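Don't worry about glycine lacking a Cβ; one is built from the backbone with ideal geometry, like all the others, and counts go over all protein chains shown. Nothing in this text is a laboratory measurement; each read-out follows from the coordinates by a stated rule.
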Amino acid sequence: XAXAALXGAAXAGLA
Amino acid sequence: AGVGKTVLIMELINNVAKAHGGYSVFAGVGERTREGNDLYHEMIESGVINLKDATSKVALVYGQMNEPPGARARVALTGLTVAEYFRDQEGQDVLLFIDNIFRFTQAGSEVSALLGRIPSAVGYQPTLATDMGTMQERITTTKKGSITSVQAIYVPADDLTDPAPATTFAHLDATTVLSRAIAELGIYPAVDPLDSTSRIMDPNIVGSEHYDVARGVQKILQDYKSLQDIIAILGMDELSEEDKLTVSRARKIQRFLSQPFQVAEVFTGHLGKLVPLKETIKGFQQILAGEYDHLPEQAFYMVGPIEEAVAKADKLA
Amino acid sequence: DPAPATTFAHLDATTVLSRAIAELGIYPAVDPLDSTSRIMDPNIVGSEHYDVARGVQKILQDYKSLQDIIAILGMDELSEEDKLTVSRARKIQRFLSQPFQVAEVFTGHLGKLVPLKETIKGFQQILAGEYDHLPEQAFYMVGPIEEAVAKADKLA
Amino acid sequence: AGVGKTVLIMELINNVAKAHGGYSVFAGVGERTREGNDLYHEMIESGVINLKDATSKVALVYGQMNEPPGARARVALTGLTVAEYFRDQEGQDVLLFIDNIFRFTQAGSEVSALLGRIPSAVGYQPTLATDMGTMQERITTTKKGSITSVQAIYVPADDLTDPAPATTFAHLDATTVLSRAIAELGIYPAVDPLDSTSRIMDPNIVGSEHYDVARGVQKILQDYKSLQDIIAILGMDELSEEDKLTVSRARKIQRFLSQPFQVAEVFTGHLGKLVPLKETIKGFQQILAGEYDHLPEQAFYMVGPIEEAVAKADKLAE
Amino acid sequence: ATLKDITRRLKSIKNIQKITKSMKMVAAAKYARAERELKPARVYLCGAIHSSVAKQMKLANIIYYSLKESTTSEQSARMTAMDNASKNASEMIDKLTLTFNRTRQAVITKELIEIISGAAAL
Amino acid sequence: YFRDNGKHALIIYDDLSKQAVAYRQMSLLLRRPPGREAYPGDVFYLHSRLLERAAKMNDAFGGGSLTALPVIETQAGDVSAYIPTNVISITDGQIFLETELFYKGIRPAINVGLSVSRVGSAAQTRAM
Amino acid sequence: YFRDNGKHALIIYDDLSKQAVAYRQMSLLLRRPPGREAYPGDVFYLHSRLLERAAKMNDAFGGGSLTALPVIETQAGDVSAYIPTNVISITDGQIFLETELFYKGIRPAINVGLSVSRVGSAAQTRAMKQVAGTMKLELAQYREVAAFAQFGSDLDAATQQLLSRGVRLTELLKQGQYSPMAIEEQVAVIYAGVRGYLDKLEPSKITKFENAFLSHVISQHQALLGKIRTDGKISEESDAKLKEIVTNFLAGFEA
Amino acid sequence: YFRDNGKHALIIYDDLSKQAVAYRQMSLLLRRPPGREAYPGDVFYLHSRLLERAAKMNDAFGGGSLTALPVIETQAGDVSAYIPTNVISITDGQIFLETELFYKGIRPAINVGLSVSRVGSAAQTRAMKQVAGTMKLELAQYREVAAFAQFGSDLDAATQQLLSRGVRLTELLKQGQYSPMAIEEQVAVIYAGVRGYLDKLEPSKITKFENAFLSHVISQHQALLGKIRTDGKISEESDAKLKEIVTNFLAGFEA
Ligand SMILES: Nc1ncnc2c1ncn2[C@@H]1O[C@H](COP(=O)(O)OP(=O)(O)O)[C@@H](O)[C@H]1O
Ligand SMILES: [Mg+2]
């Protein structure tokens, strides 16, 4: 949510 | 950061010059002035750049963050032009690095907006896909040579379906996921063996052998991942003669997947290794095989070809 | 959406179809808590009809609220009482489906046309716990309640 | 909408404006006409307004909801202007009440397109902030005089991030945030304990007892907030007795925070209570201290001072 | 749905998932112990446990039996139950994030369209 | 007419949702730039102006009155919505009906929590 | 002016959010084209051109510097909104503050997990690193388990350990306002928890402990701190001296 | 041209998704009001007009035809988006491929439940009708019991048995690329599974059985195939012959 972008590239192995 | 991003970028460069006599370009789209200069001297200290001679293996293109949208909009192309030459004029196998692909797109929207056009979904440019394709498409293998691009991707809001990222995937042939966790195991390059993917990982393309080995390494890596939870809680022992081998091997595997880079010799005090594809398949093939089950873990840490795994064991009594 | 949204006001009866329901295999995929009719009035359909109708809706509404929990924790932690609404609801839910002549090619069953009194009835009983013994499946894709009893035998 | 901005403003006029001893200015900007009438007649019935002599302690200015955007875009200025006079020209300390300042902003937005402007975010005018600035900047205490402004602030769609409410925070020294979620529970005043702030909430200013209690009260509510969603599903058993005591205390505090207003009797069906600062600090202090773990929550609901909670317990005892 | 609303559930289901996951690790632990202690004794939210006996419900030598058994079965049940609860919670976190991102995007577009709309009418 | 003549009237505006749409239409067609959600920047005013008319006159004016019961149609039970809040912020309270309540057997589907009366007991008989 | 002349300067922009708004207002009034959130197409550029001006010069230029602390005000924690996105993307890191944290008692409300410093240790003293490093590690380790605590009906002593270290270290990070400490004082305190001295202490006391402990060393032991400062690190000696200093103080403390 | 001249063509639009974005680009640049997803009001029509052109002419018009297999790319399996819904509301069915399935190793990752063929049954061969008919039925009874739940202990022989075909049938449906099968070859292999000739067998063997059992009947039995294919139905003899054919092959199959 709101600040998730500060994790990051988290679901990357899905792309 | 923290994860060997620059070092890996530098080894690739090196390895391209070495194994393919191909040069490289580095395009910094929206580079932080601080970081550019830091990249510069880092390459230098590692050799890839040579201020004294004519042995430099990289050309650097910069589109700093202070530059106006149009400049940060074009810099990638500029870098592209450069690389194209080592392909269309000298038929090598160039390397193109775009850092970061996101800032390209973003630069596109800014220019678009300025041109007063109506933004599309999520505010991006109506020409999002074209802007991208007129660029991406120049990156290919022609009859003369080939340009390969390593693009640094920044996913917005961690949203894989965001227009920016989504568009971009339409052109990717493979991902290289650097992982902080892996790095934490001391493993370097810190590439994630389970998250990183390739379109060419098809037996129809890499050949049944290559394909099988790969699919082998991965499953084991996967299985071990399962057990991971058990080990820590219920203790490493209900493990079968079978369950205990998958682990052992996996653990050897995880290590065999790590490696010393020539780029990092300057102060790693360790010689680099440029393992060959043949050697790579063989190595993993055997571990899977069970040839080195007797060998100990640490034997495989930071080495090149399996042969080194063997010798390391020696020196390790 | 402005289109459909602005349309409701012009109808006397509305059959809202649901993808969610359809995906469950229920056909027609009518949402029983979202479809309405100006005629649903005791002084028009009679109180027997009016009572079963509201009866069915209340159990389905009740089941709907339990769903969030059932979703993480399943039924185990449910009350004996709650579990009974869930059973009944899932049986009413199923009993609402039906094979159309027009859709025979897909259901693989012979179309059925249930008479109003047949419907009021079959629903009463379900409500009234007269079939708490039969399995859900017995109710799926059938005409009159009678067929739902048989289907039960066939299921053994 | 309807969370108690006005009522709270009403209780403050009562508990503060009434014992003032200086002037007061109440500017009704874009609010309900019915209200202006209620207030006027109340001021009179209480002598704050005197129709026979010069004892009037309050000036009134009105630009209600039945006015065109132009009037609404200006009443606040009118009211503020009156108030500035008593600040500077005379200087004897003034109380300023505005209800509701949001209306000033929404007034501007209403004519903004006819003024030929590209709309900013959320449909607001592009000059929102500045418009607010040149205005809010006059509403202030100076060396000449003192203003004590209480402004009601509407929150469109209940979204505190809305450009308007959002832009206002900076202009304040103290903020009382009301919440529908709290209100919905029957807890009035519906203040959100974890979203309200004051510049003086400083140990160096209110003192450590005040300070430690407040913070103490906040920690427990936060602690409890965290747990809420969890016990909700997983239940309460697995909870440590340590943790099931904060659940207790929190629930109690949550109640002790409510209060029957003098101005809301028509609403609560309870005689309004006015608690003094020390009665407050103490009552909470005690609850935190475990000194009432025996009384029931309900006893704490809709009461004034802690004693009433104790009394209510007995009355509740059967 | 409201990003504020979806953020709530998400915030919570994220928690429930970790708790639940934590409870299983526990349940597995005790259950390990139990399987061993069980061995000898035979030579003499917990799933559908408490209920199963409850329904069908309407010394020492054996007391320790029904006990020594009723704990393996329980620590067994809790474990699998919590295993699936987080399995559920994970399906949910994944599902909700999807709704989050659809809305998140939609909100942005909707605003921008509004702006453009008003600008173009001048 | 009734209000001003010491008589008593009750007016139902069923519903103000469709009226706003009409307004929005009329407005856009005149080329007045569209505002939030496409409505004219003054939708609030459109309703305030109207509902302020409902009132209770003093004995000096005949003691007559005008009581208004305006109807608003939410979507997905969302009362926080811009128009729904616009109107909630004018009237002397609201009666909120939920479909959940309704189906559940609670009819009227009045949601006690969310409904209010800014008049309070002053509008009730002592008995009540 | 400072930067260029061999001097060092610090700058705080409070906020860049308001400035963006100012710029937007002008843009739209001039009728330039509006983008997402009504921001002009050159709003990114506005900040990048600003924030880049800060930098560390080379001796060849004077060695002077300009550090920047720009402030951005998010909304409902939406770091991904327009302006926050730019600035985050422009700067070398972020210090993320949360309300939840704040109310929970963590003040300053720094969300340690989500905050960053690209520059990192390259800016930390050897003294600090000497301690910062393990701290960072146990915390990260706590963060993994934290959620379990409140329901840890029977956790092994392995993780149960990290829970303890977790809360203590966390308590160590707390801080009052207007009272910035010297690098030497910070390490002394951190050393206490990090070494395990406060593990048996009560969480409710860490705040009190530090206060008093630090008052003591600032009073009594200004020579060790001087050392720590000077030597730039924790010598094997000063290390031992600290051991006694805390072990005795603690004893005293729990009388 | 082919449809119009008594001939038969196949057109593949790969993708309609990208065309739609191309058109949208055009539309926005022309300044046409962006709607849902920023798409212009006429994007549905963009698709309908195109797709209406695929068609089956009668004899009095050449009996020719045009078959369209348009491709649409969903984001995160969201089958409700604006563009996907549009297209679904045009064609005569869909074949949804699942990410889950694809990774779990089921390819073609076809979602048996979701996918549809509104008009194709009539176009279906009897032979397939004969075998495929009781395949979705079987798969229907398998769709249920086949939960997300990986570790589930089951009871009931029937439901057990149902679960058992399901995994076999599923193995029969996996297919590599570039190796399109002859209809008669399909009925043959499908026959083996739907009839029970693979029940006694282990799901990991299915693939292997297929290739081996297929080459076998292709090599030795071109005689029966041709009948099936020629007759276009499965005659009593053909079926009788087939039954033994699976029978014997089985009997000799090396694990
Ligand atoms: N302090 C309070 N005590 C009891 N009821 C209250 C209180 N504040 C508000 N209410 C209820 O809320 C309604 C709306 O309050 P009001 O002040 O009119 O809200 P706002 O001005 O914030 O829209 C009141 O009419 C009353 O019914
Ligand atoms: Mg009010």
Heads up, chain H by the C-alpha gyration tensor (a ≥ b ≥ c square roots of eigenvalues; a/c under 1.5 rounded, else a/b over b/c prolate, else oblate) looks oblate
Given R₀ = 25 Å, what would the calculated FRET efficiency be for B:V275 paired with B:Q222, taking r from the Cβ atoms and rounding to 0.05? 0.60
Do you know the relative contact order of chain D, to the nearest whole percent, from alpha carbon pairs under 8 angstrom that are 6+ apart? 14 percent
Order D:80-92, F:2-14 from most to least packed using the mean count of other Cβ atoms within 10 Å. D:80-92, F:2-14
Could you work out the relative contact order of the range D:201-318, using alpha carbon pairs under 8 angstrom and six or more residues apart, expressed as a whole percent? 25 percent
Label 7 Å along Cα→Cβ of G:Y178; the range D:193-208 residues with amide nitrogen under 19 Å? D:198-208
Could you work out which residue, out of D:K144, D:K52, D:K244, moves most in a Gaussian network model of chain D, that is, has the largest mean-square fluctuation with Cα springs under 10 Å? D:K52
Taking each pair of distinct Cα atoms in the range F:44-128 once, what is the resulting Kirkwood hydrodynamic radius in Å? 14.9 Å
Rounded to the nearest 0.05, what FRET efficiency do F:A22 and E:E91 give with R0 = 41 Å and r taken as the Cβ-Cβ distance? Could you check? 0.35
Peptide-level mean, for C:22-29, of C-beta atoms on other protein chains within 10 Å: 1
Given B:279-288, G:41-50, the highest-first ranking by average Cβ count within 10 Å works out to G:41-50, B:279-288
Within 10 Å of each Cβ in F:38-49, how many Cβ atoms from other chains are there, averaged over the peptide? 6
Which FRET efficiency, nearest 0.05, do G:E98 and C:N43 yield, Cβ-Cβ r, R0 41 Å? 0.10
Using all Cα-Cα distances in the range B:1-200, what percent lands in each 5 angstrom bin from 0 up to the longest? 1, 7, 14, 18, 20, 18, 12, 6, 2, 1, 0
I'd like the chymotrypsin sites (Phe, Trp or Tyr not before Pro) in the range D:1-58 restricted to DSSP loop residues with at most 14 other Cβ atoms within 10 Å, sorted by number. none
Could you tell me which of rounded, prolate or oblate describes the range E:34-101, using a ≥ b ≥ c as the square roots of the eigenvalues of the alpha-carbon gyration tensor, with rounded for a/c under 1.5 and, failing that, prolate when a/b is larger than b/c and oblate otherwise? oblate
Label-to-label distance, nm, for residues given as H:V79 and E:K39 (7 Å Cα→Cβ offset): 5.2 nm
A convex hull over the alpha carbons of the range G:1-67 yields, per residue, a volume in Å³ of 93 Å³
If I histogram all Cα-Cα distances within the range H:107-253 using bins 10 Å wide from 0, what percent of pairs lands in each bin? 10, 39, 36, 13, 2
By the Cα gyration tensor axes a ≥ b ≥ c (a/c under 1.5 gives rounded; else a/b larger than b/c gives prolate, otherwise oblate), the shape of the protein assembly as shown is rounded
Test of understanding: in a Gaussian network model of chain B with alpha carbons linked when under 10 Å, which of B:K219, B:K278, B:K18 would top the mean-square fluctuation ranking? B:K278
If the label point is 7 Å along Cα→Cβ of D:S208, which residues in the range G:194-228 have backbone nitrogen under 17 Å from it? G:204-216
Whole-angstrom Cα spans of the range D:201-318 along principal axes, big to small: 44, 42, 24
Taking every residue in G:25-33, how many Cβ atoms of other protein chains lie within 10 Å of its Cβ, on average? 5
Quick check: Cα centre of the range E:4-62 to Cα centre of the range F:50-87, how many Å? 56 Å
Counting only residues 5 or more places away or on other chains, whose amide H sits under 5 Å from the amide H of D:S198 once H atoms are built in the peptide plane? D:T175
Mind jotting down the three principal axis lengths of the range D:1-96 based on Cα atoms? Whole angstrom, largest first. 33, 27, 26
